[PDB]
Amino acid sequence: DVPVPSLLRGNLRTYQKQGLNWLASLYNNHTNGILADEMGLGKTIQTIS
Amino acid sequence: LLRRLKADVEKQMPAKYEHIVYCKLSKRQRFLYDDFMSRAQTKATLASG
Ligand SMILES: Nc1ncnc2c1ncn2[C@@H]1O[C@H](COP(=O)(O)OP(=O)(O)O)[C@@H](O)[C@H]1O
Ligand SMILES: [Mg+2]
């Protein structure tokens, strides 16, 4: 997990940080996955991040 | 895959409660129900159709 807090004026929770950590490796390894997170946790925030 | 639940966000989420409500069918509603059941009996209800 090596996030860049630039352009991230909003606040994201710890599990959101874990989610983006998981998501970054998918792009780094050129792989695609399903983000089947429970609704209401801020998935749009994960996409924006 | 990537899946999470509300148990990770628990201890702060207000509890959710489910209630079952029973409503008696109206007199005209009951009559229409029985009439349609009888008509479907004349139609064999198309159960195996
Ligand atoms: N870090 C956060 N700060 C403030 N609000 C948030 C945060 N994360 C999520 N939310 C709120 O939770 C909602 C999440 O909606 P969205 O991510 O579109 O789909 P889902 O509800 O499935 O996560 C958003 O409307 C947003 O207002
Ligand atoms: Mg969303």
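We're sticking with Swiss-Prot numbering for chain A, so the shown stretch reads 685-733, in order.
Recorded method is electron microscopy, 3.8 Å.
Keep in mind that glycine also has a Cβ here, set from the backbone N, Cα and C atoms.
Taken from Swiss-Prot as is:
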- A:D721, A:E722, A:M723, A:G724, A:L725, A:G726, A:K727, A:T728: ATP binding site (BINDING)
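Features per Swiss-Prot, on structure.
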residue: A:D721; record: ATP binding site; contacts (Cβ under 8 Å, 6+ apart): A:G703, A:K727, A:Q730
residue: A:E722; record: ATP binding site; contacts (Cβ under 8 Å, 6+ apart): none
residue: A:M723; record: ATP binding site; contacts (Cβ under 8 Å, 6+ apart): none
residue: A:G724; record: ATP binding site; contacts (Cβ under 8 Å, 6+ apart): none
residue: A:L725; record: ATP binding site; contacts (Cβ under 8 Å, 6+ apart): A:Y699, A:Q700
residue: A:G726; record: ATP binding site; contacts (Cβ under 8 Å, 6+ apart): A:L696, A:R697, A:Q700
residue: A:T728; record: ATP binding site; contacts (Cβ under 8 Å, 6+ apart): none
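Candidate binding-site residues: A:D721, A:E722, A:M723, A:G726. Those with a Cβ under 6 Å from ligand 1, in sequence order, are A:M723, A:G726. Shown in sequence order, A:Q730 are the same-chain residues outside A:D721, A:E722, A:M723, A:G724, A:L725, A:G726, A:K727, A:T728 whose Cβ sits within 8 Å of the Cβ centre of the ATP site. Checking the binding-site residues A:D721, A:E722, A:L725, A:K727, A:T728 against chain B with a Cβ-Cβ cut-off under 8 Å leaves A:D721, A:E722, A:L725. Checking the binding-site residues A:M723, A:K727, A:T728 for a CB within less than 6 Å of any atom of ligand 2 leaves A:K727, A:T728, listed in sequence order.
Reduced to three states, the DSSP call for A:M723 (ATP binding site) is coil.
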